[PDB]
Structures are given as structure tokens and as C-alpha cells.
Amino acid sequence: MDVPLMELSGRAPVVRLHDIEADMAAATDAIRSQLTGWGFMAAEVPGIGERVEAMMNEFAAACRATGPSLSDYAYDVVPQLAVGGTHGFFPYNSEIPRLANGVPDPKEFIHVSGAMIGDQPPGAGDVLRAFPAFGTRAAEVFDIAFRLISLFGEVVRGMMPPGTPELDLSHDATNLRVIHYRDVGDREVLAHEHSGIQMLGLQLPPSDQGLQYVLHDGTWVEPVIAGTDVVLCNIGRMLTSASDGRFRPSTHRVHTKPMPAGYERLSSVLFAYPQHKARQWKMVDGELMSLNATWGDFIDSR
Ligand SMILES: [Cl-]
Ligand SMILES: [Fe+3]
């Protein structure tokens, strides 16, 4: 094969869900070595796999449901924050597909924001009431992922100059994306190489292999994560910008092998954002530079 597999199970630091602060402190030196040596980070979080599996299985069942219907909670009929991303269900349109940078996007997916979990703005929580088995599991996984990613953010901050502020990740602005790949046909690429626009991403263990990362030397590898308790932490383009380009974005892609007639591939990722209204900053020449432009401006810029 052109892309070697990358074993992480038994090889990334172990971070216990009931002991997250102390274990992440102990894991800091290894996580720094990963960001330095690889360009992305990884921890093994015992039991997370089964929590994420159950959550994604309830999402698959909600995608199939004939009443209530996920389609009744498309982003265009869900109350959206005045200043914010778009939360809610993103249906697959076969006729005029959503483009990922010009390429048809072979998935249906939901964005569960911290705002939505809190029913903000009012009515945003409706999908989580229509599909309570999914909704309760999505809130659980969001909260576990948010706690993990906030502490990955502290490791990265610790690698930056003194004076580097707290990343101040926004619960309400941060989104859990839950993905059901569909209408794949003969595709071997589900997602061409990209990086997130946000501060950090946390890849939760997917149903299937195929997610790939590029190393600093341009070598593509395939983390062994399907059926594991391994999470991956991604640098987004906001943290590339905040770090004055010190930390490149954790560029990745998703490939697949042919599977049965609409076999269900599932994946979930937390995209962590700072407050849209807060001013940008960059660590330039060893100390903090405040910008006039907001994180919200950073997103619009693209
Ligand atoms: Cl991404
Ligand atoms: Fe991605």
C-alpha cells in the first residue's frame, strides 16, 4: 500500500475519563513530542470508543427514522445564533449537492453546538428532544470531547511563548459534527486533504479506517483508530494564525475501501472555536499582538 498504518493503541498516553486533569498533566511531555514529531496529537481514553459508537449508532437510526424525521431539523428551519456558525442537520441533496471546496460532499451530518445542548437560541434544542437517545449521547460525547480538547489546548499553549493567553474555547461556539457518509458509489475519497478553520479539532474513534494525516516530511499515514479508544487532536487554522505559523494545521483526508450497498460509515469530530465576538491575537516575536479583527472575522475572511 502507498500509505502505511500508524498504530497508536498502546503507544499514545492513557488519559482516564474520570481522571482527565491529572492524566493530561502527566501526558503533556508525550503530547508535546507528538505535535513536534508528527503535526497532530493523540491520547488513548479508555471507554470513549463505546460511548462514541453508541452515540453514532443512535445518529444512524435518527437518519433512517420515519417520524420524528431529522429532515424537520435542517439548519434552515433551526433557530441560529445572531453571531455564530450554523447548527442543525445538513441533509445530503442528490440533485444539487453541498460542495466541500468545489467537490460534492458524500455525507449527511449534524452540528450539535454547545448552544443547542442548552436550547440556545430557544428551539435550537428541538432536535435533541425529537431524538432523545441520540440527544443524551451527543451531549455526553460533546462534554467529554470539550474537556479533552480544552486540555490539549493547554498543552499547545504551554509550548508557546510566556504571555500566551488562555485559548478561551467557547462552549456555545464549539460544535460536535456527527457524520453518516452516504451515496459513496465508486469513490475512494470521502474528504480531500484539508484542515479545520477553527482553533482545535478532536477526532473521536470512527466506525471505519480511512482517515489519514500528513507528517511534517509530507508522508501520509493512516492512524489505526476504528474500534479503538484513541482520540486525535488537530491544529486548526485559527491556532496556526495565533501561533504566527509555528504550528501548521493538522492537514488530513478521508479515504475508503468499497463496502456493501450503503454500508453505514460513521464518524464524529469536535470543532472547538473561541468566542466569535472576541478579538484575534497572535504571538509574534515572542509576545502577544492584539488584532482589531475578531475570530468571527477570521471565519468570514474564508
Ligand atoms: Cl477538519
Ligand atoms: Fe476534517
Side-chain angles (χ1 to χ4, degrees), residues 3 6 8 34-35 38-43 52 56 59 75 85-87 90 92 97-114 141-142 145-146 148-150 152-153 156 167 169-170 173-182 184 187-215 220-226 228 230-243 247-256 265-274 276 295 298-302:
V3 181
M6 182 181 187
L8 288 173
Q34 299 166 344
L35 178 49
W38 303 341
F40 59 96
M41 291 161 288
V52 172
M56 297 193 302
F59 177 66
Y75 59 89
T86 311
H87 58 204
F90 289 80
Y92 182 74
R98 175 176 306 94
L99 294 182
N101 192 39
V103 186
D105 188 27
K107 53 165 180 272
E108 65 196 347
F109 62 99
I110 191 165
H111 278 172
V112 175
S113 63
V141 168
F142 181 110
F146 190 66
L148 287 162
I149 211 173
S150 296
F152 281 103
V156 178
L167 296 198
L169 296 177
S170 169
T174 289
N175 282 255
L176 177 66
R177 174 189 286 186
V178 190
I179 298 158
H180 171 222
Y181 295 101
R182 45 171 298 172
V184 166
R187 284 190 54 160
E188 68 201 75
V189 179
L190 301 180
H192 286 90
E193 59 173 79
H194 68 282
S195 68
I197 195 159
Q198 75 295 154
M199 193 74 84
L200 293 163
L202 191 81
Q203 179 68 57
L204 298 160
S207 67
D208 290 79
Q209 284 292 123
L211 175 63
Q212 295 179 353
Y213 288 73
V214 73
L215 302 177
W220 284 90
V221 299
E222 181 178 317
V224 177
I225 53 177
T228 74
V230 174
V231 306
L232 308 174
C233 187
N234 308 154
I235 302 293
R237 285 181 262 134
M238 286 180 179
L239 188 43
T240 304
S241 169
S243 74
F247 300 120
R248 63 179 182 84
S250 307
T251 298
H252 54 272
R253 77 192 184 186
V254 187
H255 293 185
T256 192
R265 308 165 170 84
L266 295 162
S267 183
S268 52
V269 53
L270 194 82
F271 300 122
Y273 292 79
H276 281 227
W295 295 117
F298 185 94
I299 291 162
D300 299 338
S301 205
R302 309 152 167 76

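Residue numbers count from 1 along this sequence. Atoms within a ligand are numbered from 1 in the order they appear, just like the ligands themselves. The figures that follow rest on heavy atoms only: side chains count, while hydrogens, waters and symmetry mates do not.
With contacts defined as side-chain heavy-atom distances shorter than 4.5 Å, the pair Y181/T256 does not qualify. Within the 4.5 Å cutoff, no side-chain heavy atoms of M6 are placed close to those of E222. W220 places a side-chain heavy atom less than 4.5 Å from the side chain of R253. With a 4.5 Å cut-off on side-chain heavy atoms, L204 and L176 count as touching.
Around the Fe ion (ligand 2), protein N, O or S atoms at less than 2.8 Å comprise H194 NE2, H252 NE2.
Between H111 and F90, the distance from one ring center to the other falls under 6.0 angstrom.
Taking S250 as the reference, nothing meets the side-chain hydrogen bond (donor to acceptor under 3.5 Å, both in side chains) condition, with sequence neighbours excluded.
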